[PDB]
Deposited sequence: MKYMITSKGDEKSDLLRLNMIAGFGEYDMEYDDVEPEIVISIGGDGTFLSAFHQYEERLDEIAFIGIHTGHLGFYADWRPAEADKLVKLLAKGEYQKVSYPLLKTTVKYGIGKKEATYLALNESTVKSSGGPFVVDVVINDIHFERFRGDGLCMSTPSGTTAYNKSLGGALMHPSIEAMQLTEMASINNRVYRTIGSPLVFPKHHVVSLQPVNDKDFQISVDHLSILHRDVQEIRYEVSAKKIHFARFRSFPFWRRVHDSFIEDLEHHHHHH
């Protein structure tokens, strides 16, 4: 079908892209980076996150594949030496698609902006002290004082969420997980402490208490938002689709990245 290939842009990744393009030319494969059906990302997880966001408006028409030219990625989980076998198996098609949940972020002003995250969305203050009221399904749950909050997809749980103490969640679970960044807890100030895992259709809303300027990140993108009234998180109805050609289970991917490989 139509395909395209992003590269991290170092010499290794560019030349592997040029070779795969050449191998694709020997099949009924057309390079189209406007409406691809296959997006191959060559580089690391940062390169893969860029490719997701380049094509986030055509998620349902696209299957993604990551090739790691450095260390193993959680998303970029094919090796460079497998690239020619990848070209072949994929020109034919007849591959399985695997789908992972995404996180929808809505930011409301005094106007709305929506974003999709594959790893996580985080909120930190814009200089002052971060204080937000945390409301779950319209129920006021807690007043959070500290550095910030992190809302993670299942496949993001091994990224920032992990470094914050979060649980690792199998990506077949349709959920999102909220972790704390350095909460204050004393006599007058109380947060839950524990990470929180929310199912589909639960809405977690962050509302400002005084300062209304926040630094909001979505995966690698970090935007200073002013005059913010609300930040709403829920599990997205949209999913990212991977093309799979072999069994590479999530927990094995986890063992390989963190225990040893």
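Enquirer: Ranges lacking C-alpha coordinates, please, mapped onto the deposited sequence and listed in sequence order.
Expert: Missing from the model are residues 111-113, 265-272.
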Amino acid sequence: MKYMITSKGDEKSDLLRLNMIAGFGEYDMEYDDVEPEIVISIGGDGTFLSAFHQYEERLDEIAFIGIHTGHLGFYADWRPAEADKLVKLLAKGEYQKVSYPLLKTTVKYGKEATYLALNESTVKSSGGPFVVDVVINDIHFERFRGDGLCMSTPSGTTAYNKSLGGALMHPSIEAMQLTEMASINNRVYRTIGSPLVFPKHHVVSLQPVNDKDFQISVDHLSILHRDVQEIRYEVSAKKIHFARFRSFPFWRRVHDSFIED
From here on, numbers count along this sequence of modelled residues.
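If you superpose the two forms and keep the largest set of C-alpha atoms that fall within 1.5 Å, you have the rigid core.
Enquirer: Which of these two stretches, 183-191 or 157-165, has the larger RMS Cα offset in 6 other deposited structures of this protein when the rigid core is kept aligned?
Expert: It is 183-191 whose C-alphas lie farther from the shown form in 6 other deposited structures of this protein.
Enquirer: At least a third of the other compared entries leaving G66 unmodelled, is that the case?
Expert: In none of the comparable entries (those modelling both sides of it) is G66 left without coordinates.
Enquirer: Check this for me: in at least a third of the other entries compared, is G110 absent while its neighbours are modelled?
Expert: Yes, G110 lacks coordinates in at least a third of the other compared entries.
Enquirer: May I ask you to compare 190-198 and 209-217 by their mean CA B factor in the entry and name the higher one?
Expert: The stretch with the larger average C-alpha B-factor is 209-217.
Enquirer: Of 249-257 and 7-15, which one has the bigger average CA B-factor?
Expert: Mean B over CA atoms: larger for 7-15.
Enquirer: Highest Cα B-factor in the PDB entry belongs to which of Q54, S236, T47, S222?
Expert: That would be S222.
Enquirer: Looking at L90, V134, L118, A159, which has the highest CA B-factor as recorded?
Expert: Within the set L90, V134, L118, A159, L90 shows the top C-alpha B-factor.
Enquirer: Among the modelled residues of this chain, does the Cα B factor of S126 put it in the lowest, middle or highest third?
Expert: CA B-factor rank for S126: highest third.
Enquirer: Sorting by Cα B-factor within the chain, modelled residues only, which third would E82 end up in: lowest, middle or highest?
Expert: CA B-factor rank for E82: highest third.
Enquirer: Classify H170 as lowest, middle or highest third according to the C-alpha B-factor given in the PDB entry, relative to its own chain.
Expert: Lowest third of the chain for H170's C-alpha B-factor.
Enquirer: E112: which third of its chain by C-alpha temperature factor?
Expert: Within its chain, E112 is a highest-third residue by C-alpha B-factor, going by the deposited values.
Enquirer: Quick check on the deposited entry: does the C-alpha B-factor of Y95 sit in the lowest, middle or highest third of its chain?
Expert: Highest third of the chain for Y95's C-alpha B-factor.
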